[PDB]
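Enquirer: Structure provided below as C-alpha cells; questions to follow.
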Amino acid sequence: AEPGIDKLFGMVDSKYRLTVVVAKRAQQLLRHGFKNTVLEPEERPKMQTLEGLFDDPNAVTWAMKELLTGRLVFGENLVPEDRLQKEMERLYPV
Amino acid sequence: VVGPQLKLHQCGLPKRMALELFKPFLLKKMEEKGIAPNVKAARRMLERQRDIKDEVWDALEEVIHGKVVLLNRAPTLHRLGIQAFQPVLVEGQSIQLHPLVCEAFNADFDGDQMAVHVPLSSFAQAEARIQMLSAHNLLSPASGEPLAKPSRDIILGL
Amino acid sequence: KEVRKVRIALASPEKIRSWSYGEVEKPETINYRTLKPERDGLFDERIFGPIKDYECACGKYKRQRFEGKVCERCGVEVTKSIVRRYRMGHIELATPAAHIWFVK
Amino acid sequence: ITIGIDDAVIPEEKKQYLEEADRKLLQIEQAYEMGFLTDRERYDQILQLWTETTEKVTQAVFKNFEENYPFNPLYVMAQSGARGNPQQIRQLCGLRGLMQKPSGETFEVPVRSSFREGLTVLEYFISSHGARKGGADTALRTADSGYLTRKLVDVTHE
Amino acid sequence: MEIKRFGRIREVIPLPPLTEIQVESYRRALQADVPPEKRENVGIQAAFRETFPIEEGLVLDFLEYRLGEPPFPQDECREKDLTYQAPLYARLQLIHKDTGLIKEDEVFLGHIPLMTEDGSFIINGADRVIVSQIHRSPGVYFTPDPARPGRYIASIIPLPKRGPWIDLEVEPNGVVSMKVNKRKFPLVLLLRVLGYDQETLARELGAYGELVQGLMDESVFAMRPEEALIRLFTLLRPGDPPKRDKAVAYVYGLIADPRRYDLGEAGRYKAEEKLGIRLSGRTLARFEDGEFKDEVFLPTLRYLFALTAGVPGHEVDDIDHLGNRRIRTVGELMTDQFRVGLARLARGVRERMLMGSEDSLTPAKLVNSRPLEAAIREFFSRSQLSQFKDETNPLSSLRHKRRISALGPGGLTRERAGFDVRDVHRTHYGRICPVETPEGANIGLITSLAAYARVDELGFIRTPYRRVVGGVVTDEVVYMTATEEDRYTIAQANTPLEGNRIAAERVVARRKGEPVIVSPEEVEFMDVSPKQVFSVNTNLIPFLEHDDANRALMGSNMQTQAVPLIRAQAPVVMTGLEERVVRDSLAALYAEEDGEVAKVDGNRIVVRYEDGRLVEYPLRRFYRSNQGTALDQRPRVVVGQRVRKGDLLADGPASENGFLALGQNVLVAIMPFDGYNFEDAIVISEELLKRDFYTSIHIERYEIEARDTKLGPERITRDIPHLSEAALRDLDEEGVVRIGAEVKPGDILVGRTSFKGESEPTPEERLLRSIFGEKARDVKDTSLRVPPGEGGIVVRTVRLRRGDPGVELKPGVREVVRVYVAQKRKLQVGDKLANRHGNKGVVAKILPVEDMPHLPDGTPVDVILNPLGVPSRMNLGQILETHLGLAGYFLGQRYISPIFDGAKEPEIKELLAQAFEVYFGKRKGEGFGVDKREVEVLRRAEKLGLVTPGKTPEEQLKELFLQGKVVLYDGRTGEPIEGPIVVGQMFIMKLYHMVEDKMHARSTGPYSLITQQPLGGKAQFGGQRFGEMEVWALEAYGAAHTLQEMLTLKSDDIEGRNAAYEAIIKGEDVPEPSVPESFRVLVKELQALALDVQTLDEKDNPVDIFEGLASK
Amino acid sequence: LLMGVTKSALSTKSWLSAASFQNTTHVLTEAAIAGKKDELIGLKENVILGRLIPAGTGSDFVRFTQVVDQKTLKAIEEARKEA
Amino acid sequence: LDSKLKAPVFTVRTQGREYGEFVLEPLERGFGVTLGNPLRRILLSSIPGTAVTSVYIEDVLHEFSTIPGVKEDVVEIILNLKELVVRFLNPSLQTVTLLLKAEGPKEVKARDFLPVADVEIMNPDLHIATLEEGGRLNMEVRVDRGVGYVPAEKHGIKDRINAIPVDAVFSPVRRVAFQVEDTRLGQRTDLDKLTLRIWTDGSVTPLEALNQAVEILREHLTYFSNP
Amino acid sequence: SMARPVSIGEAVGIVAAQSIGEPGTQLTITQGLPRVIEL
DNA sequence: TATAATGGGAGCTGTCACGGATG
DNA sequence: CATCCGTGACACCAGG
Ligand SMILES: [Mg+2]
Ligand SMILES: [Mg+2]
Ligand SMILES: [Zn+2]
C-alpha cells in the first residue's frame, strides 16, 4: 500500500481529485528538475543503487510525500494557468 | 505462478519481459549512465541477446523504481480483473502473482496466463498507483465484503 | 477548437461530389507490368493522392518545396501520401440507385 | 495435513442405513403389487427414500468425523473453508447418490458406492450422463451471461 | 523388474486394430489392390459409375480406372512440401450414335492422395488426419409434433447433399401436407401423379378412422397422371413454363433420379426395416415403362396414419439413438468430393461435346481433369474435417485418428447445437466414450470411438458381446448395433463365473440400457470387458473407478499433450493397454519374422530371418513432428540377439521397452509447502533437472526465400552490409548458418540482401553521406534472424535453387533455404505438469535438494503436491496410485491394475506390508533404532487416531505405512513434519504448454494496414488486446488517463505514438494524445455509405480532424 | 413505460453509443435522417473518439484542480499584491 | 563455473538491552536457514540465565490455596515471581534464597526483597502482591542458574514440606524470530539474506545472547576431532 | 469498496453492470440466469 | 465476321425474441 | 385483436 494512503484519501472530497493533484505535482517536478520541491534534504525519497543511496527518480512518490507534508495548496481557481507557468519558469529555470 | 513471498502490492516480472516493456525508458537510462553513447547505440546493443551485460539489468532496476504495471486476466468480469503492482524483477519467464489477489482474478496456477500493461504518463502512473493498486482495493465493489482475504492454505494453517 | 459534438446526417449528391476529388471512370486497379496505379482507376494518384511523399507520379517534382503544386505532365499533387487514406472519389450513375439502408 | 485413502473414512452407520433402506424398499414394492401405489407414486416414494438416505449418510460421515477423528484432513479442510463441501465429502466417504438420465428423470437405482470403494462400470456410465449435462450447461450458460453483461454495460454506461 | 498383474476378468478377444476406421475405410474407397473387373460398385468406382455415361449425338462411357505408383516416397514428400499421391487414370471410350465410330483411350485425371501406413495423409508436406463425421442416418423417421400432441411428423431424409428432406404432416384442416424445398402442398397431388386411384388409396388407408378422408380430394382424382403432374410442376415452379418434358424431368430428378437423389445403403436398409417393405434402388419412386411407380410414399403414409390412430407396433423414433446416427469415415467423405469433381468434369465434357468437330474428338480432347483435381485438393486442404495431424506423442496421433465430429460440411453449426446432440445417449455404451470430449464450446460435439468399437459397412457403430446360452458364457463374440442390442438382456462383464458358467443367483444386466437384476436363465449376452465402455486415452487411467468423470476427462485429454522426454518411463501403475497403444500407433519397430539380429547401429538394424534374407530396418532419428516434438527411434536389441516374430527392435518416441512412456515416475509427497503449491501449483526438486528428468527435445523449422523483384534479385549471401565478422561468424561461404552452431535471439540464420526502392535521400541523408564519405550501398540487409525468445543448435540446413536438378520452385522464387534448430528443454518454472487423473499444475518453484522433505534414511522427495487439490476434485485414484507406487518403490516392481478390475485396498496393503519390511528391517539390521523425531510423530499420530495406543514404535510405523503414510523430515530444519505424510511414486507428464513458447512482450512493433493498430500474436511481435471488457475495467476504476493512453497513444494515434516514443527516449513526459486513426477510418467508411459525419465544436461549427488534407 | 435493457440501450439519445451496441444500420439511418448530434455525454461515445472519459480523473468536478507550493503561491500573490 | 564470494557484512540494530535485529547478507543459496535454525534452537535452549524454582509462603499449604489479607491468590504471586528478572554478578554463584517479609497496607515490589551479595534485581518495579489492613506476607523464593525451560514437576525441588515448585523460566531469551529473503549481488540471483530478531529480559542482551549462541555452536563443531 | 461515501466521478453504472454480471456463470430447484434475463 | 443455332439450375437443411405485415 | 414471418442477436483472452 502507498505509505499514508488513508490520510491522502482524508485530504480530498473525491479520491480522483487526489490523483489529479498528485499527477499534476509530479509533472511540475519533472518539468523543473525537482528544483521546486518542498521537501528538506532529509525528507528526500531515496533509491538504493549499486554504489549508494540516490534521489528517487519517481516524481509520483515525491508528489505524494510532498502532499503528506502539508506544504502544498490544492484547489480550483487559484491562479491563471500561464501566470503559474511563467512564475515557475522564473523561480526555477529549465 | 504463485509467489507467496510477494507483498500484496507486488508481482514478479521476468527480466526479459520488463526490458522490452520498458525499452525506451531503458535506452534513456542507458544513455544517462555510461552504458551507451546515444539511444540508437543502446538499441543496437539490446538487439542481440549476447550483447547484453549486467549494467543493463542494473539500469532496468532504476528505470522501474516506484512504477507499477497492470496485470489483467481474461475474462475481465469486473474491475478487479485489472490491478496494479510494483514489479519485482525475477529470473525465469513466469509472472509471479500474489496469492490473496487470485480469487479476485479468478486465477489458479494450472496453466493460466496474464497480460501485462505499462502505464506511460505520470497521470496514468498516478491513476494506477492510487486507484488501481491491489492493496487499495480490498473490499468488493459489489457487496462490500472483503475480497482479498485468507484462502485455502492460509485458512488451513490458521 | 475543441471537439464537443458529433453530428451525422444524410449526404446530398452535391455534397458527395463536394467530397470527391475525381470520378472513377474505369474498373482497373493497377497496371499488370509496372505495378503502378492505372489512370481513372480505383487507385489513380490523380484522384486520391500521391503514393510517395511530395513526389508526383511521373517524377518531375520530388521535394517538399513543391507543395500543393499539381504536375502538368501527370496530374498528381505533391502532398503527403497519408492523404490516400482521406480523399474520397465518386461514381456518377447513369440512373439513380436507392440506398438499400433506407429501403430494406 | 495430507490425503491418504484411509482418510475417506466410511462410517459404521452406512451399512445400517443401506439395509434399513432396502427393507423400506420392499414395503414400497409390495404396495405396488397390490394396487395401493401407482407407478408415479412408487417412483416418487423411492426417490424420496433415497434422498433421505443420502442425507442420513452425510450426517453419519460428519458426525463420525466430529466425534472420533476431529483432525481428519477432509473434515478439517471442509470445516475451515479451505476445500470441499459436505456433498463432495459424502461422495468420497458415504455414497455417490442419485443419478439423472439424459431426460433429467432420476434413476431409481442409486450409486451406492463411494469414490473410495470405487464405482462399477454401469455406475460410472450412469454418472457420465449428468457430468456431460452439467458441462454442456456451463458452456451454454457462459455465453448468455456475457451477452447479459454487455447489455447491462451498454444500458448503464453514462 | 517384476510386473505383478491384478484382475480376474479374462479378455476373450483383443482390441481390434485401433486405426482400422481409417485404413479399412480408405482401402474400401480406393480398391487399389483389386483387379478392375472384380471391383464393387462402391467408392470412387461407384462415383465413376454414377457420373458415366455422358450423353448428348456422342456418348462417352467409362470402362475402368487404375491407380499408379506414387512418384515420390513419404519422407521425400515431407521434405519437399509435396503430397503423397498416386496418379489416377481412367479408360474411357467415345461413341457416335449414328456413325458408330468407337474411339478408346486412357485419360489421366490427376493425382489422388494415398493414406500412409498409420492412417494419415501428407498434404503439401504436412501430415493431416481426416476426422470421421457423425450425422443423422438417412431413412424414414416419425417424430412427435411439438405444437400438436396427438399429431406426428413423418420425415424422409436422404444422404447429405443427395436429395431434399421431405415432411408429411396432418394439418389442422385434415388434409395431409408434404413439405419439399419449403413448399407445403397436399400429398394427394403427388399420390395421383404416381398413378394411385381412389380405389387403391381407399382400400389401403380406410382402416385408419377418418384419416383417409383427409386424403380424399375430388379435384385431384378428376385428372389423369399428366394433368396432376403439370399441376404439381406449377405448384413447385412459379413462372417456369410447365412443359411436359420439363415437368417429367423435374419430377424424375427430384424423386426417382439415382444420379441426383440417393438414400444410403443404410437409408435403404432402414426404410425397408421400419416400413416393412422392400426397395429396388435407393430412391423414393421410379420411372418405369414411361410412368412413375411408387416406392416409399404409400408405406410412409400408411405408417403415419397408423401412428396417429394408435395402431399397435408403431412408435416414434429416438433420433439420438446410435441406431439412427451413423459415421462417415474418410472413404465416404473423399468419395463425396470425388463425386462432386466428377460432376463438374461431366459438365465440361458435355460443353466440349456440343460444339467441337463431331468427328475429331478423342476422350483426351473432351476431358479437362482440373475440376476434379481442385475438388480433391480443396477437400484435403480446406475442409473442416481435414485437420492438422496432432503428433505430439504417438497416443495423440492414434486418438486424433479415432475422433468423431458432429461438425464439418453437412454437420452441426456451432452455437446452434443443443443438449440432445451433446448428451451421452444410453446407446453410447460400448460405442462412443462418455468421458473423452473437450471442455468448452465443443463439449459433446467432438467425441472418441470406444476401444472395442467397430464401424460396420453401413456406417453404424457396433460393440461386441459374448453369447450366453443357458447360463453358459460361450466364446462366440457378436458385434451388435444399438438397434440389435436393444433386443437382449446383457449381463455385466464382472458377473462371477466358475470358469464358463454364471455363478451368481442374481446378475446385473441391461435391457435397453436400463439396469436390471435378473437370473442366469434370462441372460442372453454378456459384456466383453470394462475396457469396451471407454476410449483408449480413458483406458490408460488406472483406478478410473475412483475418479470423478470430470477429472477423468482432463486426465484423458492431457495424455494427448504429453511431451516425449529423452528419459521417458512407462507408468509404475499401468492399465494393461500401454503396449497395444505403442504397437498400433506404429511408434516402435518390431521384428517381421523369427531370426537373429545381424547388425545394430544408431541409424539402422539389420536382421537375418529364418528365410536367410538380410532385412535392414532404418531408424528415424531426430525428426520434427507437426508440433515440433522430436520423433526418434532407438535400437533396443544388440548384435547376436535371437528374436521371435513380433519382438521389439527399436523404441519410438515416448516408448520404454515397448510400453507407452508419456512421463516420469517421480516420488511425490502430498503436503502443503509454504504457499509455493497454492492453488494447483507444483513444487519440484532440482534433482529432477540434475538427472535430466522432464527434459525434451524440440526442433523448429525456419524458412526464407530469395525471389526475383522488379528492382533486382534477392540473393542469399554472406555479403551482408554494415555487419562485422562477429555478426557473420557462424555463416558459411554461401551465407547459410553452419551445422552445429549455437544460435541465440538476434543471430542470423540465413543472410539475404534486397534492393531498396527509389529511396530519395532526405537532405539529412545527403549531408551525412558527405560528412562520412561512404556511398550508400544499393542493397539492404533482409536476413532471416532468430526470433525473440527462441534459438538452439542448428542441426540441418536445406537449400533448393532454380537451376538445380530435380528442383522447380513457384514462379519468381530464385531459391529457398530452410534451417532446423534443435533445443534441449529442461523443466523450468512455468512449465505445466499433470498426472492421469486430471491433476494439472504449473511448476511454481524448484527447490535445491537440501530444502526438500526427505525420508528418515535421507531420500528426498521429487514432487510436492498440495492435498487441497483432491477433495474438491474427487479424483482419489491418484491417491491409490500413490500408495501402490510406494510399495513398488521398495519392492522394485511395477504393476498392472486394469480399470474396474484391478488392485483392491487389501492387496495394496499386503504389498505395503512387504515394502515396509524391506524399508525398516534393513535399518533395524544396520544398527539403528527408532529416531526421536519418529517417536514424536508417532505421538501425534496416536493423538490423530491413526495408530493403536500401546504398540511398539515399529508396529505403529508399520500401521502408518499400511495407511500409505511415512515420517517426513523438513529439509530446512531437520525437525519432522508434525504428522505422517502420504509419500509414494506417481506417474507425472510434462504437457505441451511450456512457458518458453508463451512468454512475450512488446514496446512497439508492426501495425495494421487499415486500422494502424498493433498486430496480434507472438509470431507477429504483436501487442496484447485491450478489449471492451478491459476498457470497462478501466472505466469502473476511473483511470481516465490510462484508458486514453490505451485508446490513443499506445494503439493508433500515429502522431501520438511517435511523439510518445520520442518523449520517453528523451526523458520527457508523454504528450497529450490526438484523434486515433481508426475514428478517421470510421468517418471515411461512413462517408462511403453516403453519411456525413461532422465533428463539431460547442458553437456547432465543423472541426477538421483531417487537418485540411481532404478538403478541396 | 417499461423497457428491457436492450431496447432501453438502443433508444438512448447518443447515436454513437447506440450504433456501437447493436442494430447498427437501423440506428445509423434513423440518426442520419434526423441529423442527430451526439453530445458525448457518456463513456462509450468518448471512448470511440479517444477522448478523456467524463469519469474519475476525467470528471469536470475534479479535473480542473490546481496544485502550487506556498513558495510559488506567495511569489504570485506578491505580483498581484503589486499591480 | 568459476565463483567469487564477497564476505557478508554483519549489521546490528538494537533498542536498549531488550531487542535487536541482526542482518547478515549476502549468503550463498540456502545458508540463511542453515545458520538461522541452529542459532534459534541454541538461543532458546542453552543461553545461561536465572529462574525462580521454588517458593515457600508462610501458612500456605498448596499452590491453589487462597491467602487471607492479600487480594491475589498464590497462583498470581507465582506468576509474578516467574516474571522476576534476577541477575547474578558473580560467575561462581549458583543458587540464592530471597527473603521477603511485609504487612499492612502496601503493594510489594521487587525492590522489597532483601539485598543479597552479588544479586542484581534488574526489574525492581515489578509488582508482586498487594496487602490490606491485617494482611501478612512471609515468603522465601529460590533462584537457581540454568538454561532453557524446566516445568515445576520436572525438578520438584523442595527445601521444606510446603515449598511450592515453580516452572523454571531460565532462558534470558524470550523470543527468536528469523526470516530469509532472496537477494542479488550483481547477477548472482538466489543469494540469501538472514534477519535475526531476539527478545531478552535485560539480564543478557540480544547481541550477547547471539555471541554466546555462535560460541556454543563453534565449540560443538570442535567435537568432530578425536576418534 | 472503501466503506465510505462514494467519491464524485465514480462511474457507478459500469460498476453496477459488472457487479450484476460477474456471478452470472454461477447461477444454476431454482429459475437461474434465464429468470435473471427474463427480468 | 454468314449453314443453323432462340428461356438456368442449385438447393442442401439453429434457437430464440421482436417488431411489422396480413388476414 | 391474433398468428406468421423476416431479421436481428447469440462471452473473453490465446493461436490460427
Ligand atoms: Mg486455471
Ligand atoms: Mg534464496
Ligand atoms: Zn509529375
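Quick note on naming: the chains in the C-alpha cells go A, B, ... in the order shown, residues restart at 1 in each chain, and ligands are numbered from 1 in order of appearance.
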Go through the chains and note each residue within 12 Å of ligand 1, using only C-alpha atoms (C1' of nucleotides) and all ligand atoms, then give the set as a ChimeraX atom specification.
Expert: /B:1,73-75,102-103,105-114 /E:679-681,832,839-842
Enquirer: Given a cut-off of 7 Å, what residues near ligand 3 show up using only C-alpha atoms (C1' of nucleotides) and all ligand atoms, put as a CSV table (one decimal) with C-alpha atoms, in the first residue's frame?
Expert:
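Produced file selection-v1.csv, reproduced below:
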chain,number,residue,atom,x,y,z
C,56,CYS,CA,4.3,13.1,-58.3
C,57,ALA,CA,3.7,10.0,-60.4
C,58,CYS,CA,6.0,10.7,-63.4
C,59,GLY,CA,8.7,12.2,-61.2
C,60,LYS,CA,9.0,15.8,-62.4
C,61,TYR,CA,8.5,17.1,-58.8
C,71,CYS,CA,2.1,18.4,-62.1
C,72,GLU,CA,1.2,19.4,-65.6
C,73,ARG,CA,2.6,16.1,-67.1
C,74,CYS,CA,0.8,13.5,-64.9
C,75,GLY,CA,-1.7,15.5,-62.8
C,76,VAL,CA,-0.6,14.3,-59.3
Enquirer: So how far away is atom CA of residue 827 of chain E from atom CA of residue 692 of chain E, in Å?
Expert: 8.7 Å
Enquirer: Give the residue list for ligand 2 at 12 Å, counting only C-alpha atoms (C1' of nucleotides) and all ligand atoms, as number ranges by chain, sorted by chain and then by residue number.
Expert: B: 5; E: 845-848, 851; G: 25-34, 179-185, 188-194
Enquirer: Mind checking which residues fall within 9 Å of residue 888 of chain E, counting only C-alpha atoms (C1' of nucleotides), ignoring those fewer than 5 positions away in the same chain, and posting them as a list in words?
Expert: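 Skipping anything fewer than 5 positions along the chain leaves residues 572, 573, 883, 893, 894, 895, 911, 912, 915, 984 and 985 of chain E.
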Enquirer: Please produce a file of those selected residues containing C-alpha atoms, as a CSV table (one decimal), in the first residue's frame.
Expert:
chain,number,residue,atom,x,y,z
E,572,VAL,CA,4.7,-47.8,-12.4
E,573,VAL,CA,0.9,-48.5,-12.3
E,883,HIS,CA,0.0,-45.9,-2.3
E,893,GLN,CA,8.3,-53.8,-9.1
E,894,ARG,CA,5.7,-52.2,-11.4
E,895,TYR,CA,2.0,-53.2,-11.6
E,911,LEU,CA,2.3,-55.1,-0.8
E,912,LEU,CA,2.7,-52.2,1.5
E,915,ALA,CA,7.5,-52.9,1.3
E,984,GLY,CA,4.8,-42.6,-3.0
E,985,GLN,CA,5.6,-42.9,-6.6
Enquirer: Which chain J residues are at most 12 Å from chain F (counting only C-alpha atoms (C1' of nucleotides)), as a PyMOL selection string?
Expert: chain J and resi 7-9
Enquirer: Please produce a file of the residues just selected, as a short mmCIF file (atom, residue, chain, number, x, y, z; two decimals), in the first residue's frame, where the atoms kept are C-alpha atoms (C1' of nucleotides).
Expert:
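That gives us part_18.cif:
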data_model
loop_
_atom_site.label_atom_id
_atom_site.label_comp_id
_atom_site.auth_asym_id
_atom_site.auth_seq_id
_atom_site.Cartn_x
_atom_site.Cartn_y
_atom_site.Cartn_z
"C1'" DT J 7 -34.43 -10.19 -39.38
"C1'" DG J 8 -31.55 -9.47 -35.61
"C1'" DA J 9 -28.55 -11.40 -31.85
#
Enquirer: Mind checking DSSP for chain B and telling me the strand (DSSP E) residues as number ranges by chain?
Expert: B: 10-14, 69-72, 82-90, 115-117
Enquirer: Enter the distance from atom CA of residue 1018 of chain E to atom CA of residue 1050 of chain E, in Å, rounded to one decimal.
Expert: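 Between these atoms lies a distance of 17.5 Å.
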Enquirer: Please provide the set of residues having any atom within 12 Å of residue 4 of chain F, restricted to only C-alpha atoms (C1' of nucleotides), with same-chain residues fewer than 2 positions apart removed, written as a PDB file with N, CA, C and O atoms (P, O5', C5', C4', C3', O3' and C1' of nucleotides), in the first residue's frame.
Expert:
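Done, and the output landed in result-v4.pdb:
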ATOM      1  N   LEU D 148     -25.558 -10.839 -21.498  1.00  0.00           N
ATOM      2  CA  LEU D 148     -26.262 -10.042 -20.499  1.00  0.00           C
ATOM      3  C   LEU D 148     -25.381  -8.916 -19.969  1.00  0.00           C
ATOM      4  O   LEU D 148     -25.825  -7.767 -19.861  1.00  0.00           O
ATOM      5  N   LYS D 151     -25.079  -6.125 -22.414  1.00  0.00           N
ATOM      6  CA  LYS D 151     -26.291  -5.312 -22.459  1.00  0.00           C
ATOM      7  C   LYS D 151     -26.382  -4.382 -21.253  1.00  0.00           C
ATOM      8  O   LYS D 151     -26.755  -3.210 -21.389  1.00  0.00           O
ATOM      9  N   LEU D 152     -26.031  -4.886 -20.067  1.00  0.00           N
ATOM     10  CA  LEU D 152     -26.076  -4.067 -18.857  1.00  0.00           C
ATOM     11  C   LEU D 152     -25.111  -2.894 -18.955  1.00  0.00           C
ATOM     12  O   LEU D 152     -25.465  -1.751 -18.636  1.00  0.00           O
ATOM     13  N   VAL D 155     -26.459  -0.295 -21.263  1.00  0.00           N
ATOM     14  CA  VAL D 155     -27.612   0.448 -20.768  1.00  0.00           C
ATOM     15  C   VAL D 155     -27.278   1.336 -19.572  1.00  0.00           C
ATOM     16  O   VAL D 155     -28.055   2.251 -19.262  1.00  0.00           O
TER      17      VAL D 155
ATOM     18  N   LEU F   1     -43.344   4.012 -18.927  1.00  0.00           N
ATOM     19  CA  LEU F   1     -43.002   2.987 -19.904  1.00  0.00           C
ATOM     20  C   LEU F   1     -41.880   2.118 -19.359  1.00  0.00           C
ATOM     21  O   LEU F   1     -40.887   2.634 -18.836  1.00  0.00           O
ATOM     22  N   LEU F   2     -42.035   0.804 -19.488  1.00  0.00           N
ATOM     23  CA  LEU F   2     -41.011  -0.149 -19.083  1.00  0.00           C
ATOM     24  C   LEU F   2     -40.352  -0.749 -20.316  1.00  0.00           C
ATOM     25  O   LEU F   2     -41.038  -1.269 -21.202  1.00  0.00           O
ATOM     26  N   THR F   6     -32.007  -4.110 -23.462  1.00  0.00           N
ATOM     27  CA  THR F   6     -31.591  -3.952 -24.856  1.00  0.00           C
ATOM     28  C   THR F   6     -32.298  -2.773 -25.513  1.00  0.00           C
ATOM     29  O   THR F   6     -31.648  -1.887 -26.083  1.00  0.00           O
ATOM     30  N   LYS F   7     -33.633  -2.741 -25.444  1.00  0.00           N
ATOM     31  CA  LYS F   7     -34.369  -1.661 -26.094  1.00  0.00           C
ATOM     32  C   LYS F   7     -34.099  -0.319 -25.429  1.00  0.00           C
ATOM     33  O   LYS F   7     -34.085   0.712 -26.107  1.00  0.00           O
ATOM     34  N   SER F   8     -33.876  -0.314 -24.112  1.00  0.00           N
ATOM     35  CA  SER F   8     -33.522   0.929 -23.431  1.00  0.00           C
ATOM     36  C   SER F   8     -32.168   1.446 -23.896  1.00  0.00           C
ATOM     37  O   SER F   8     -31.992   2.655 -24.086  1.00  0.00           O
ATOM     38  N   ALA F   9     -31.198   0.548 -24.078  1.00  0.00           N
ATOM     39  CA  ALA F   9     -29.896   0.971 -24.577  1.00  0.00           C
ATOM     40  C   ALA F   9     -29.990   1.466 -26.016  1.00  0.00           C
ATOM     41  O   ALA F   9     -29.369   2.474 -26.371  1.00  0.00           O
ATOM     42  N   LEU F  10     -30.765   0.778 -26.859  1.00  0.00           N
ATOM     43  CA  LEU F  10     -30.871   1.178 -28.258  1.00  0.00           C
ATOM     44  C   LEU F  10     -31.691   2.447 -28.444  1.00  0.00           C
ATOM     45  O   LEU F  10     -31.563   3.105 -29.481  1.00  0.00           O
ATOM     46  N   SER F  11     -32.517   2.810 -27.468  1.00  0.00           N
ATOM     47  CA  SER F  11     -33.326   4.017 -27.544  1.00  0.00           C
ATOM     48  C   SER F  11     -32.640   5.226 -26.924  1.00  0.00           C
ATOM     49  O   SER F  11     -33.266   6.285 -26.810  1.00  0.00           O
TER      50      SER F  11
ATOM     51  N   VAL H  36     -33.129 -14.323 -14.531  1.00  0.00           N
ATOM     52  CA  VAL H  36     -32.484 -13.012 -14.480  1.00  0.00           C
ATOM     53  C   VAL H  36     -32.666 -12.271 -15.803  1.00  0.00           C
ATOM     54  O   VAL H  36     -33.004 -11.080 -15.828  1.00  0.00           O
ATOM     55  N   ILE H  37     -32.455 -12.965 -16.924  1.00  0.00           N
ATOM     56  CA  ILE H  37     -32.583 -12.312 -18.226  1.00  0.00           C
ATOM     57  C   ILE H  37     -34.040 -11.966 -18.515  1.00  0.00           C
ATOM     58  O   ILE H  37     -34.340 -10.903 -19.069  1.00  0.00           O
ATOM     59  N   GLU H  38     -34.966 -12.857 -18.152  1.00  0.00           N
ATOM     60  CA  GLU H  38     -36.389 -12.583 -18.322  1.00  0.00           C
ATOM     61  C   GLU H  38     -36.807 -11.333 -17.563  1.00  0.00           C
ATOM     62  O   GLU H  38     -37.675 -10.584 -18.025  1.00  0.00           O
ATOM     63  N   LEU H  39     -36.193 -11.085 -16.405  1.00  0.00           N
ATOM     64  CA  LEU H  39     -36.470  -9.857 -15.666  1.00  0.00           C
ATOM     65  C   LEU H  39     -35.819  -8.650 -16.333  1.00  0.00           C
ATOM     66  O   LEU H  39     -36.489  -7.651 -16.618  1.00  0.00           O
TER      67      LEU H  39
ATOM     68  P    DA I  17     -38.101 -16.641 -26.254  1.00  0.00           P
ATOM     69  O5'  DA I  17     -37.820 -15.072 -26.299  1.00  0.00           O
ATOM     70  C5'  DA I  17     -36.488 -14.598 -26.407  1.00  0.00           C
ATOM     71  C4'  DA I  17     -36.457 -13.271 -27.136  1.00  0.00           C
ATOM     72  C3'  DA I  17     -37.754 -12.473 -27.072  1.00  0.00           C
ATOM     73  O3'  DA I  17     -37.457 -11.133 -26.748  1.00  0.00           O
ATOM     74  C1'  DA I  17     -37.100 -12.788 -29.341  1.00  0.00           C
ATOM     75  P    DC I  18     -38.636 -10.074 -26.506  1.00  0.00           P
ATOM     76  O5'  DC I  18     -38.717  -9.293 -27.896  1.00  0.00           O
ATOM     77  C5'  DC I  18     -37.538  -8.741 -28.466  1.00  0.00           C
ATOM     78  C4'  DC I  18     -37.870  -7.935 -29.705  1.00  0.00           C
ATOM     79  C3'  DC I  18     -39.241  -7.266 -29.682  1.00  0.00           C
ATOM     80  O3'  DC I  18     -39.168  -5.984 -30.288  1.00  0.00           O
ATOM     81  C1'  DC I  18     -39.102  -8.711 -31.540  1.00  0.00           C
TER      82       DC I  18
END
Enquirer: Show which residues sit within 12 Å of segment 5-17 of chain A, as JSON, numbers by chain. Count only C-alpha atoms (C1' of nucleotides), and ignore same-chain residues fewer than 4 positions away.
Expert: {"A": [1, 21, 22, 23, 24, 61, 63, 64, 65, 66, 67, 68, 69, 70, 72, 73, 74, 75, 76], "B": [123, 126, 127, 128, 129, 130, 131, 132, 133, 135, 136, 137], "E": [1037, 1038, 1039, 1040, 1041], "F": [54, 55, 56, 57, 58, 59, 60, 61, 62, 63, 64, 65, 66, 67], "H": [2, 4, 5, 6, 7, 8, 9, 10, 11]}
Enquirer: Using only C-alpha atoms, select each residue of chain H with any atom at most 10 Å away from an atom of chain D, and give the selection as a VMD selection string.
Expert: chain H and resid 11 to 28 33 to 34 36 to 37
Enquirer: Any chance you could list, as a compact mmCIF listing (two decimals) with C-alpha atoms, in the first residue's frame, the residues in chain F that come up helix (DSSP H, G or I) when DSSP is run on the backbone?
Expert:
# COMPACT_ATOMS: atom_id res chain seq x y z
CA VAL F 5 -32.14 -3.40 -21.12
CA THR F 6 -31.59 -3.95 -24.86
CA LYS F 7 -34.37 -1.66 -26.09
CA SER F 8 -33.52 0.93 -23.43
CA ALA F 9 -29.90 0.97 -24.58
CA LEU F 10 -30.87 1.18 -28.26
CA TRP F 15 -26.23 7.54 -31.53
CA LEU F 16 -22.53 6.72 -31.22
CA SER F 17 -23.45 4.62 -28.18
CA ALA F 18 -26.46 3.01 -29.87
CA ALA F 19 -24.78 2.08 -33.16
CA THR F 24 -26.06 -0.61 -36.38
CA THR F 25 -27.81 0.09 -39.68
CA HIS F 26 -31.19 0.91 -38.11
CA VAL F 27 -29.65 3.23 -35.51
CA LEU F 28 -27.45 4.91 -38.10
CA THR F 29 -30.22 5.52 -40.65
CA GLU F 30 -32.65 6.89 -38.08
CA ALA F 31 -29.91 9.14 -36.68
CA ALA F 32 -28.84 10.37 -40.13
CA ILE F 33 -32.40 11.18 -41.22
CA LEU F 43 -18.41 6.88 -21.69
CA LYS F 44 -18.80 4.89 -24.93
CA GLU F 45 -19.08 7.97 -27.16
CA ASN F 46 -15.86 9.36 -25.70
CA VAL F 47 -14.02 6.03 -25.85
CA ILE F 48 -14.86 5.77 -29.57
CA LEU F 49 -13.27 9.17 -30.20
CA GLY F 56 -12.82 9.52 -12.44
CA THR F 57 -9.83 11.74 -13.15
CA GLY F 58 -11.82 12.94 -16.18
CA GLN F 70 3.49 28.02 -0.89
CA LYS F 71 6.77 29.42 -2.26
CA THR F 72 5.35 29.93 -5.76
CA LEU F 73 1.92 30.74 -4.31
CA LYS F 74 3.30 33.71 -2.38
CA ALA F 75 5.60 34.72 -5.25
CA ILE F 76 2.39 35.02 -7.30
CA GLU F 77 0.44 36.71 -4.50
CA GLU F 78 3.16 39.38 -4.50
CA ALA F 79 2.80 40.01 -8.25
CA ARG F 80 -0.93 40.84 -7.85
